[PDB]
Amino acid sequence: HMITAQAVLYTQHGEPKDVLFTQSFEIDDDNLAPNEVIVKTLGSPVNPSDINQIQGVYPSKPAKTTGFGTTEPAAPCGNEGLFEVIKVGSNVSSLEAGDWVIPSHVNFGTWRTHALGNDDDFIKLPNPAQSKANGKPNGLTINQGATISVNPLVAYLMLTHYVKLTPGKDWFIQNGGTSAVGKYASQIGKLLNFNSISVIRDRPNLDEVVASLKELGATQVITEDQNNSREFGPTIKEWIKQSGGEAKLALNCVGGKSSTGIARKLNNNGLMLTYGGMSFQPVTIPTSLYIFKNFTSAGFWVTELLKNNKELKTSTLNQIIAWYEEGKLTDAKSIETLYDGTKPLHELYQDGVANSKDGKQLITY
């Protein structure tokens, strides 16, 4: 009655290609404490924050332990993932075998095959058999379940928790329009009847990307060259005037000249939220917007916001779940790599890191 599991670990910080390895360890399913549960991993993605943890340049990080049976202290990898309950202890009533779960806290370590925890280390999601038996037209896919805990909540909370946009009338503007968060924000804008402008990098297949973002819910899509153009400012003013509303909110994950351009398109009393910085350039705002247009620039970090606010986390997650079940929200598809034991587990994640430019990478089990 011993389960053999695999985990991706490191003994020292550095680049994933250099420091990651796979460790085998054992879990005893015949001797669970009353509140313990055992889970098997169904899938977990490679997110940028996971990589920064390994590099040692992220301010929140799991402790190095000898608990996986290593020769030296070693840390696990990954914060997001979808798990299935295999067995529960005698006092567990909130979970049963077959339930789908995600970690309730950060630093769980999701790049591995199995885990042992307490029942309150997890949040329950409905699995497809449960959604179907209760008459829902859809159930969660593995990719949808494995990525539900961050990017959908980021987009929802940025759009609803800070400024009240008037339906049909008001606008938000965002850069990184082809990012995962950007695509969730376009869909949520459409569902809540918010107008939006998406700014994106130009590309060889621009017409196809534009059509795809408008189908998700972007009202208009413009290139970074158009974002930089001062002669374009009157066209955008006329979009906003025709709707009878105002551009009240800007979402920035790029920085530099892109952040300047979307800040200039807000009406007076506008707010910018910076939630990423993929350009690695600082946020750059002209003095005149602060002084004469009452502009405010602030930050967003979902981990900090939800730290001591679990009603808000619960209520936001329930809404994302309901929209997936009703067929109203869709995920950006990941490139999936299945672990079948012929290739060491850490090499699949090393490939996921290296190929992240191709798109979101999900390792499945």
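Start at 1 and count along the sequence shown; that's the residue number.
Colleague: Take the C-alpha B-factors listed in the entry for 249-257 and for 142-150, compute each mean, and give the stretch with the larger one.
Modeller: Stretch with the greater average CA B-factor: 142-150.
Colleague: Comparing 274-282 with 216-224, where is the mean C-alpha B-factor higher?
Modeller: Looking at the recorded C-alpha B-factors, 274-282 comes out higher on average.
Colleague: Name the third of the chain's ranked CA B-factors that contains residue 182, choosing lowest, middle or highest.
Modeller: Its C-alpha B-factor, which the entry lists for residue 182, ranks in the lowest third among residues of this chain.
Colleague: Looking at the temperature factor on the CA atom of residue 135, which third of the chain's modelled residues does it land in?
Modeller: It falls in the top third of the chain.
Colleague: For residue 236, return the chain-relative third of its C-alpha B-factor as stated in the PDB record: lowest, middle or highest.
Modeller: Middle third of the chain for residue 236's C-alpha B-factor.
Colleague: With respect to C-alpha B-factor, does residue 119 fall in the lowest, middle or highest third of the chain as deposited?
Modeller: It falls in the top third of the chain.
Colleague: Comparing residue 323 with the other modelled residues of its chain, is its CA B-factor in the lowest, middle or highest third?
Modeller: According to the entry, residue 323 has a C-alpha B-factor in the chain's middle third.
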